[PDB]
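Student: This is the structure, below, for whatever I ask next.
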Amino acid sequence: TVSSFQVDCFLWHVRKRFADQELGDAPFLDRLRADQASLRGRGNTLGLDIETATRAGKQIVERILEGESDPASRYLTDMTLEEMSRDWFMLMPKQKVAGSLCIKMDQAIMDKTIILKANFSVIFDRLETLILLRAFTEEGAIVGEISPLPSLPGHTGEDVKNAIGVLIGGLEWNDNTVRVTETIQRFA
């Protein structure tokens, strides 16, 4: 709690710069006002004041900045937010957990052409972290999904590659023709 007061007191102190000169923003700069006031207010009930608290913040944060608090990571996307957050359902559900990847497909889908789309991060020429993969019919219905579970392990490119092959596999049983976007093709 005292440590939580020092931690903010330090972080504000560093936030000031961006708006202090540049474009800023009414709400961002309001947050900086409110957060400076919120430090005033919380300081009084705590019997501590912002000068003292920020210095302790240097040490309390710049020691945790180790590691090295950093490998040019980026981000590739086939889907818009709408494609990713759209609701869908399976009439005949089939779902499993494979490591830390959740795989789903409708078993009622047959004789359709289906495309898989993915949003994920990339390093080199290989997949590092999947955000979401979805199977779409030509009519645009979602009939398959591979999503990552929040876990301590996380997943690998390999795990993801296995998941896709399993999902392509399951869908093709019902005589569906399945392909992948170039994104997936090139990186998984």
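Chain labels follow the order of the structure tokens: the first chain is A, the next B, and so on; residue numbering restarts at 1 in every chain, and ligands are counted from 1 in their shown order.
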Neighbouring residues of residue A:138 were defined as those with any atom within 9 Å, considering only C-alpha atoms; residues of the same chain fewer than 6 positions away were excluded. Please report them as a PyMOL selection string.

Tutor: chain A and resi 112-115

Student: Dump N, CA and C atoms for the selected residues as a tab-separated table (two decimals), in the first residue's frame?

Tutor:
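As a result, again-v3.tsv now contains:
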chain	number	residue	atom	x	y	z
A	112	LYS	N	-18.87	-27.86	-47.63
A	112	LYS	CA	-18.70	-26.43	-47.77
A	112	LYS	C	-17.25	-26.15	-48.09
A	113	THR	N	-17.00	-25.03	-48.74
A	113	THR	CA	-15.65	-24.49	-48.80
A	113	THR	C	-15.42	-23.56	-47.62
A	114	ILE	N	-14.27	-23.76	-46.99
A	114	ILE	CA	-13.94	-23.11	-45.74
A	114	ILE	C	-12.55	-22.53	-45.83
A	115	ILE	N	-12.41	-21.30	-45.33
A	115	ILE	CA	-11.09	-20.69	-45.22
A	115	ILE	C	-10.76	-20.38	-43.75

Student: Where does stretch 41-81 of chain A meet stretch 86-106 of chain A within 12 Å, residue by residue, with the nearest atom pair and distance in Å to one decimal for each, counting only C-alpha atoms, listed by chain and rising number, as JSON lines?

Tutor:
{"residue": "A:79", "atom": "CA", "partner": "A:86", "partner_atom": "CA", "distance": 10.8}
{"residue": "A:80", "atom": "CA", "partner": "A:86", "partner_atom": "CA", "distance": 10.0}
{"residue": "A:81", "atom": "CA", "partner": "A:86", "partner_atom": "CA", "distance": 8.3}

Student: Do you have the atom CA of residue A:151-atom CA of residue A:130 distance handy?

Tutor: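 Interatomic distance here is 13.4 Å.
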
Student: Atom CA of residue A:154 and atom CA of residue A:120 are how many Å apart?

Tutor: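 One can read the atom CA of residue A:154 to atom CA of residue A:120 distance as 13.6 Å.
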